[PDB]
$ cat target-v1.cif   # mmCIF, C-alpha atoms
data_target
#
loop_
_atom_site.group_PDB
_atom_site.id
_atom_site.type_symbol
_atom_site.label_atom_id
_atom_site.label_comp_id
_atom_site.auth_asym_id
_atom_site.auth_seq_id
_atom_site.Cartn_x
_atom_site.Cartn_y
_atom_site.Cartn_z
ATOM 1 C CA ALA A 1 -36.355 -1.566 -18.013
ATOM 2 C CA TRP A 2 -32.985 -2.169 -16.370
ATOM 3 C CA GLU A 3 -32.269 -5.109 -18.666
ATOM 4 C CA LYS A 4 -32.900 -3.180 -21.883
ATOM 5 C CA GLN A 5 -30.553 -0.362 -20.861
ATOM 6 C CA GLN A 6 -27.821 -2.680 -19.625
ATOM 7 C CA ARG A 7 -28.065 -4.823 -22.754
ATOM 8 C CA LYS A 8 -27.577 -1.816 -25.037
ATOM 9 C CA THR A 9 -24.896 -0.093 -23.001
ATOM 10 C CA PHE A 10 -22.895 -3.175 -22.006
ATOM 11 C CA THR A 11 -22.938 -4.412 -25.609
ATOM 12 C CA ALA A 12 -21.678 -1.052 -26.905
ATOM 13 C CA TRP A 13 -18.972 -0.905 -24.241
ATOM 14 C CA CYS A 14 -17.733 -4.401 -25.107
ATOM 15 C CA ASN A 15 -17.721 -3.446 -28.783
ATOM 16 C CA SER A 16 -15.723 -0.284 -28.062
ATOM 17 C CA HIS A 17 -12.919 -2.580 -26.928
ATOM 18 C CA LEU A 18 -13.408 -5.551 -29.248
ATOM 19 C CA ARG A 19 -12.956 -3.307 -32.298
ATOM 20 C CA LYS A 20 -9.284 -3.051 -31.309
ATOM 21 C CA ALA A 21 -9.090 -6.812 -31.868
ATOM 22 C CA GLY A 22 -10.896 -6.647 -35.203
ATOM 23 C CA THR A 23 -14.272 -8.022 -34.145
ATOM 24 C CA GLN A 24 -17.661 -7.175 -32.624
ATOM 25 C CA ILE A 25 -20.636 -8.801 -30.932
ATOM 26 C CA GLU A 26 -24.311 -8.168 -31.653
ATOM 27 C CA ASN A 27 -26.359 -10.192 -29.173
ATOM 28 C CA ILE A 28 -24.676 -10.182 -25.777
ATOM 29 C CA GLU A 29 -26.705 -13.143 -24.519
ATOM 30 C CA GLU A 30 -25.479 -15.302 -27.408
ATOM 31 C CA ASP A 31 -22.105 -14.048 -28.593
ATOM 32 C CA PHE A 32 -20.094 -14.845 -25.455
ATOM 33 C CA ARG A 33 -21.449 -18.398 -25.034
ATOM 34 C CA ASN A 34 -18.416 -20.103 -26.567
ATOM 35 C CA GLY A 35 -16.146 -17.880 -24.482
ATOM 36 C CA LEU A 36 -13.883 -16.811 -27.362
ATOM 37 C CA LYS A 37 -14.778 -13.131 -27.598
ATOM 38 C CA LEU A 38 -15.047 -12.978 -23.806
ATOM 39 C CA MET A 39 -11.425 -14.084 -23.504
ATOM 40 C CA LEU A 40 -10.494 -11.601 -26.239
ATOM 41 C CA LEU A 41 -12.327 -8.780 -24.441
ATOM 42 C CA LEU A 42 -10.355 -9.467 -21.278
ATOM 43 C CA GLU A 43 -7.047 -9.474 -23.157
ATOM 44 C CA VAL A 44 -7.849 -6.115 -24.778
ATOM 45 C CA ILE A 45 -8.861 -4.307 -21.595
ATOM 46 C CA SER A 46 -6.147 -5.825 -19.395
ATOM 47 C CA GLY A 47 -3.254 -5.719 -21.842
ATOM 48 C CA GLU A 48 -2.396 -9.228 -20.650
ATOM 49 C CA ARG A 49 -2.391 -12.618 -22.354
ATOM 50 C CA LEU A 50 -4.962 -15.138 -21.180
ATOM 51 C CA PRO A 51 -4.539 -18.895 -21.625
ATOM 52 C CA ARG A 52 -5.106 -20.075 -25.204
ATOM 53 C CA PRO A 53 -8.709 -20.983 -26.023
ATOM 54 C CA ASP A 54 -9.804 -24.592 -26.429
ATOM 55 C CA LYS A 55 -9.823 -26.286 -29.825
ATOM 56 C CA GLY A 56 -13.287 -27.691 -30.510
ATOM 57 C CA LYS A 57 -16.967 -26.756 -30.769
ATOM 58 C CA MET A 58 -18.262 -29.261 -28.207
ATOM 59 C CA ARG A 59 -20.105 -27.796 -25.225
ATOM 60 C CA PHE A 60 -17.368 -28.814 -22.793
ATOM 61 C CA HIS A 61 -14.849 -26.743 -24.785
ATOM 62 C CA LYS A 62 -17.087 -23.680 -24.407
ATOM 63 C CA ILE A 63 -17.330 -24.308 -20.666
ATOM 64 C CA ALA A 64 -13.526 -24.528 -20.541
ATOM 65 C CA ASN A 65 -13.152 -21.203 -22.345
ATOM 66 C CA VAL A 66 -15.643 -19.414 -20.119
ATOM 67 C CA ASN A 67 -13.841 -20.850 -17.078
ATOM 68 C CA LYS A 68 -10.554 -19.426 -18.379
ATOM 69 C CA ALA A 69 -12.250 -16.024 -18.546
ATOM 70 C CA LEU A 70 -13.816 -16.365 -15.093
ATOM 71 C CA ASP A 71 -10.583 -17.586 -13.531
ATOM 72 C CA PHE A 72 -8.768 -14.569 -14.989
ATOM 73 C CA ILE A 73 -11.368 -12.200 -13.550
ATOM 74 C CA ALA A 74 -11.130 -13.947 -10.172
ATOM 75 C CA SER A 75 -7.337 -13.551 -10.221
ATOM 76 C CA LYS A 76 -7.957 -9.803 -10.227
ATOM 77 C CA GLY A 77 -9.602 -9.886 -6.811
ATOM 78 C CA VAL A 78 -13.129 -10.197 -8.192
ATOM 79 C CA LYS A 79 -15.377 -12.351 -6.017
ATOM 80 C CA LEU A 80 -17.641 -14.150 -8.484
ATOM 81 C CA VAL A 81 -21.042 -14.906 -6.964
ATOM 82 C CA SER A 82 -23.587 -17.290 -8.492
ATOM 83 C CA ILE A 83 -21.879 -16.758 -11.860
ATOM 84 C CA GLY A 84 -21.180 -20.170 -13.358
ATOM 85 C CA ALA A 85 -19.628 -21.137 -16.683
ATOM 86 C CA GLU A 86 -22.458 -23.572 -17.484
ATOM 87 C CA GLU A 87 -25.024 -20.766 -17.240
ATOM 88 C CA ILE A 88 -23.000 -18.404 -19.432
ATOM 89 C CA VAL A 89 -22.589 -21.183 -21.992
ATOM 90 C CA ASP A 90 -26.189 -22.468 -22.083
ATOM 91 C CA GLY A 91 -27.688 -19.004 -22.009
ATOM 92 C CA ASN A 92 -28.674 -16.681 -19.182
ATOM 93 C CA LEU A 93 -29.051 -12.990 -19.965
ATOM 94 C CA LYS A 94 -29.222 -11.764 -16.372
ATOM 95 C CA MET A 95 -26.107 -13.703 -15.401
ATOM 96 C CA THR A 96 -24.281 -12.555 -18.523
ATOM 97 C CA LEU A 97 -25.115 -8.901 -17.852
ATOM 98 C CA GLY A 98 -23.990 -9.382 -14.257
ATOM 99 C CA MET A 99 -20.698 -10.864 -15.436
ATOM 100 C CA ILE A 100 -20.033 -8.036 -17.882
ATOM 101 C CA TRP A 101 -20.818 -5.475 -15.181
ATOM 102 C CA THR A 102 -18.256 -7.075 -12.856
ATOM 103 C CA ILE A 103 -15.756 -6.699 -15.714
ATOM 104 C CA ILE A 104 -16.640 -3.053 -16.386
ATOM 105 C CA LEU A 105 -16.416 -2.256 -12.673
ATOM 106 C CA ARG A 106 -13.073 -3.970 -12.122
ATOM 107 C CA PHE A 107 -11.266 -2.763 -15.235
ATOM 108 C CA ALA A 108 -12.857 0.616 -15.956
ATOM 109 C CA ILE A 109 -14.014 2.038 -12.638
ATOM 110 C CA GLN A 110 -12.479 0.378 -9.569
ATOM 111 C CA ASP A 111 -9.004 1.911 -9.884
ATOM 112 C CA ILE A 112 -10.266 5.449 -10.433
ATOM 113 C CA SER A 113 -9.022 7.664 -7.605
ATOM 114 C CA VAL A 114 -9.833 11.335 -7.157
ATOM 115 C CA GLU A 115 -9.081 13.321 -3.996
ATOM 116 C CA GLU A 116 -8.789 10.245 -1.753
ATOM 117 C CA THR A 117 -12.062 8.929 -3.216
ATOM 118 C CA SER A 118 -12.162 5.785 -5.350
ATOM 119 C CA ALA A 119 -14.215 3.701 -7.745
ATOM 120 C CA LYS A 120 -17.854 4.776 -8.146
ATOM 121 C CA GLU A 121 -17.574 7.527 -5.542
ATOM 122 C CA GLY A 122 -14.371 8.797 -7.152
ATOM 123 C CA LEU A 123 -15.876 8.910 -10.636
ATOM 124 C CA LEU A 124 -18.834 10.833 -9.221
ATOM 125 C CA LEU A 125 -16.582 13.363 -7.468
ATOM 126 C CA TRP A 126 -14.684 13.865 -10.732
ATOM 127 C CA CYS A 127 -17.969 14.597 -12.536
ATOM 128 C CA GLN A 128 -18.946 17.032 -9.793
ATOM 129 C CA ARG A 129 -15.631 18.875 -9.983
ATOM 130 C CA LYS A 130 -15.852 19.208 -13.762
ATOM 131 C CA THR A 131 -19.482 20.361 -13.820
ATOM 132 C CA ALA A 132 -19.250 22.691 -10.805
ATOM 133 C CA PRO A 133 -19.172 25.895 -12.953
ATOM 134 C CA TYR A 134 -22.489 25.084 -14.655
ATOM 135 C CA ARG A 135 -25.468 26.463 -12.740
ATOM 136 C CA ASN A 136 -28.101 24.426 -14.593
ATOM 137 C CA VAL A 137 -26.268 21.215 -13.681
ATOM 138 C CA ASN A 138 -26.271 19.391 -10.355
ATOM 139 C CA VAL A 139 -24.599 15.996 -10.364
ATOM 140 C CA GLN A 140 -25.629 14.123 -7.223
ATOM 141 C CA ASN A 141 -25.880 10.553 -8.515
ATOM 142 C CA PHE A 142 -25.459 8.366 -11.600
ATOM 143 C CA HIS A 143 -29.108 8.327 -12.632
ATOM 144 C CA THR A 144 -31.620 11.192 -12.369
ATOM 145 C CA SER A 145 -28.828 13.805 -12.436
ATOM 146 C CA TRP A 146 -28.097 12.854 -16.050
ATOM 147 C CA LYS A 147 -31.620 12.802 -17.487
ATOM 148 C CA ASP A 148 -31.714 16.226 -19.151
ATOM 149 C CA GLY A 149 -28.359 15.858 -20.906
ATOM 150 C CA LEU A 150 -26.886 19.058 -19.492
ATOM 151 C CA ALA A 151 -24.493 17.246 -17.161
ATOM 152 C CA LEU A 152 -22.954 15.312 -20.059
ATOM 153 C CA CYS A 153 -22.772 18.395 -22.271
ATOM 154 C CA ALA A 154 -21.146 20.309 -19.423
ATOM 155 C CA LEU A 155 -18.670 17.503 -18.798
ATOM 156 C CA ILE A 156 -17.610 17.729 -22.446
ATOM 157 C CA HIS A 157 -17.671 21.541 -22.543
ATOM 158 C CA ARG A 158 -15.406 21.732 -19.487
ATOM 159 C CA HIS A 159 -12.610 19.950 -21.362
ATOM 160 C CA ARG A 160 -13.492 20.974 -24.913
ATOM 161 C CA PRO A 161 -15.457 24.249 -25.044
ATOM 162 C CA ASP A 162 -14.748 24.325 -28.779
ATOM 163 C CA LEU A 163 -16.980 21.283 -29.263
ATOM 164 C CA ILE A 164 -20.229 22.586 -27.786
ATOM 165 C CA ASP A 165 -22.108 25.886 -27.591
ATOM 166 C CA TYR A 166 -23.284 25.318 -24.031
ATOM 167 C CA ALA A 167 -25.166 28.628 -23.786
ATOM 168 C CA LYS A 168 -27.586 27.444 -26.484
ATOM 169 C CA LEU A 169 -28.654 24.358 -24.518
ATOM 170 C CA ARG A 170 -32.018 24.376 -22.724
ATOM 171 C CA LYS A 171 -33.242 22.071 -19.966
ATOM 172 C CA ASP A 172 -36.557 21.698 -21.808
ATOM 173 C CA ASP A 173 -34.841 19.959 -24.741
ATOM 174 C CA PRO A 174 -33.457 16.840 -22.982
ATOM 175 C CA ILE A 175 -33.469 14.605 -26.066
ATOM 176 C CA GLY A 176 -31.602 17.247 -28.049
ATOM 177 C CA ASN A 177 -29.073 17.856 -25.282
ATOM 178 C CA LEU A 178 -28.338 14.146 -24.915
ATOM 179 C CA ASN A 179 -28.005 13.525 -28.639
ATOM 180 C CA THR A 180 -25.715 16.536 -28.993
ATOM 181 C CA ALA A 181 -23.431 15.073 -26.339
ATOM 182 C CA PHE A 182 -23.625 11.555 -27.786
ATOM 183 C CA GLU A 183 -22.814 12.804 -31.284
ATOM 184 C CA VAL A 184 -19.890 14.989 -30.207
ATOM 185 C CA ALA A 185 -18.410 12.189 -28.102
ATOM 186 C CA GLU A 186 -18.726 9.737 -31.001
ATOM 187 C CA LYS A 187 -17.345 12.038 -33.706
ATOM 188 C CA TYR A 188 -14.618 13.892 -31.795
ATOM 189 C CA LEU A 189 -13.842 11.828 -28.685
ATOM 190 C CA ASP A 190 -13.948 8.329 -30.188
ATOM 191 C CA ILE A 191 -16.531 7.270 -27.594
ATOM 192 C CA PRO A 192 -19.239 5.103 -29.229
ATOM 193 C CA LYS A 193 -22.877 5.840 -28.414
ATOM 194 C CA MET A 194 -23.945 3.629 -25.510
ATOM 195 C CA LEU A 195 -27.109 5.259 -24.152
ATOM 196 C CA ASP A 196 -30.546 5.653 -25.740
ATOM 197 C CA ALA A 197 -31.833 9.217 -25.323
ATOM 198 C CA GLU A 198 -35.485 8.147 -25.166
ATOM 199 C CA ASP A 199 -34.819 5.603 -22.427
ATOM 200 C CA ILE A 200 -32.833 8.110 -20.375
ATOM 201 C CA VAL A 201 -35.487 10.827 -20.536
ATOM 202 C CA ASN A 202 -38.552 8.608 -20.067
ATOM 203 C CA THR A 203 -37.366 6.204 -17.365
ATOM 204 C CA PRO A 204 -37.988 7.769 -13.923
ATOM 205 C CA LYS A 205 -34.653 6.458 -12.648
ATOM 206 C CA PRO A 206 -32.273 5.410 -15.468
ATOM 207 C CA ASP A 207 -29.968 2.469 -14.800
ATOM 208 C CA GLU A 208 -26.885 3.744 -12.975
ATOM 209 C CA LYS A 209 -24.640 0.857 -13.998
ATOM 210 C CA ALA A 210 -25.236 1.746 -17.650
ATOM 211 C CA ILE A 211 -24.688 5.455 -17.009
ATOM 212 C CA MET A 212 -21.504 4.764 -15.004
ATOM 213 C CA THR A 213 -20.238 2.591 -17.862
ATOM 214 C CA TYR A 214 -20.709 5.356 -20.415
ATOM 215 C CA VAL A 215 -19.431 8.127 -18.150
ATOM 216 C CA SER A 216 -16.310 6.106 -17.278
ATOM 217 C CA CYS A 217 -15.357 6.387 -20.966
ATOM 218 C CA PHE A 218 -15.222 10.161 -20.657
ATOM 219 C CA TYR A 219 -13.000 9.893 -17.577
ATOM 220 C CA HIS A 220 -10.476 7.735 -19.420
ATOM 221 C CA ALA A 221 -10.731 9.760 -22.627
ATOM 222 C CA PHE A 222 -9.922 13.000 -20.803
ATOM 223 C CA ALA A 223 -7.501 11.447 -18.312
ATOM 224 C CA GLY A 224 -5.058 10.827 -21.143
ATOM 225 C CA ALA A 225 -4.953 14.257 -22.769
#
$ encode --input "target-v1.cif" --output "structure tokens"
Amino acid sequence: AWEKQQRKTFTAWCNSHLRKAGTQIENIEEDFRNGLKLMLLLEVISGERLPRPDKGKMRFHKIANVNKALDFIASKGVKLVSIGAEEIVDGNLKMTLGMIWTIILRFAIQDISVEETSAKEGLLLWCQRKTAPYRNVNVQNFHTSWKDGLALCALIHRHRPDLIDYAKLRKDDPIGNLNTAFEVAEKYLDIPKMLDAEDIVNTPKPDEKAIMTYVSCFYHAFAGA
């Protein structure tokens, strides 16, 4: 169950950035094998220029491109473990998802700082501060606390009360609450849908890496304004 959620969410997150470079991926376990869109993804999110990609379709050129991507990530303090270019190139879903998570964590979550609290813990505190006024919400983690959709709706309502009629939302309509939040974020906040409502409501403990990935988009979207 963790793999399905991470595949959907990580793919959508990558696409939310790749669109700025005029491209997209579809199958995360295949579309980064030659390293080209992986290098592009890193340039988009970092605002920096990576080395030029290799010229050639041979397997060793793909390995070289993936190594350029991995070396860049490592230069940002990321300690790559077990992740090898050969595996990314030949195909390994688990390793690929692990690599993309390290990227999401380093570039979208690690530098978040709220009240002397950083990264994951800081993002959580931010969510707690924003949803404090809502009695039917209780953010205590990045999994079960988000299952009924009220926390996400509240997070949006706190910044944009004009976008959601919070009083109409009921805890017994989790799918509806989640979709309402997903739709509003997509249409008005330019945050692509990254979570599947059914998976969130039916999985006892939803994947927190996927939820953190999606929620981090709201932090950055609201941090600007």
$ resolve_selection --input "target-v1.cif" --expression "the PyMOL selection byres ((chain A and resi 77) around 12)" --output "count of residues only"
16
$ resolve_selection --input "target-v1.cif" --expression "the PyMOL selection byres ((chain A and resi 23) around 12)" --output "short mmCIF file (atom, residue, chain, number, x, y, z; two decimals) with C-alpha atoms, in the frame of the given file"
data_model
loop_
_atom_site.label_atom_id
_atom_site.label_comp_id
_atom_site.auth_asym_id
_atom_site.auth_seq_id
_atom_site.Cartn_x
_atom_site.Cartn_y
_atom_site.Cartn_z
CA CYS A 14 -17.73 -4.40 -25.11
CA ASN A 15 -17.72 -3.45 -28.78
CA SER A 16 -15.72 -0.28 -28.06
CA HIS A 17 -12.92 -2.58 -26.93
CA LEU A 18 -13.41 -5.55 -29.25
CA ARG A 19 -12.96 -3.31 -32.30
CA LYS A 20 -9.28 -3.05 -31.31
CA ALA A 21 -9.09 -6.81 -31.87
CA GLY A 22 -10.90 -6.65 -35.20
CA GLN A 24 -17.66 -7.18 -32.62
CA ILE A 25 -20.64 -8.80 -30.93
CA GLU A 26 -24.31 -8.17 -31.65
CA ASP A 31 -22.10 -14.05 -28.59
CA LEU A 36 -13.88 -16.81 -27.36
CA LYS A 37 -14.78 -13.13 -27.60
CA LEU A 38 -15.05 -12.98 -23.81
CA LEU A 40 -10.49 -11.60 -26.24
CA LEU A 41 -12.33 -8.78 -24.44
CA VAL A 44 -7.85 -6.12 -24.78
#
$ resolve_selection --input "target-v1.cif" --expression "the PyMOL selection byres ((chain A and resi 154-164) around 9)" --output "count of residues only"
22
$ closest_residue --input "target-v1.cif" --among "A:182, A:214, A:146, A:126" --to "residue A:113" --atoms "only C-alpha atoms"
A:126
$ atom_distance --input "target-v1.cif" --atom1 "atom CA of residue A:215" --atom2 "atom CA of residue A:92"
26.5 Å
$ residues_around --input "target-v1.cif" --residues "residue A:145" --least-positions-apart "2" --cutoff "12 Å" --atoms "all atoms listed in the file" --output "PyMOL selection string"
chain A and resi 124+127-128+131+136-143+147-152+174+200-201+204-208+211-212
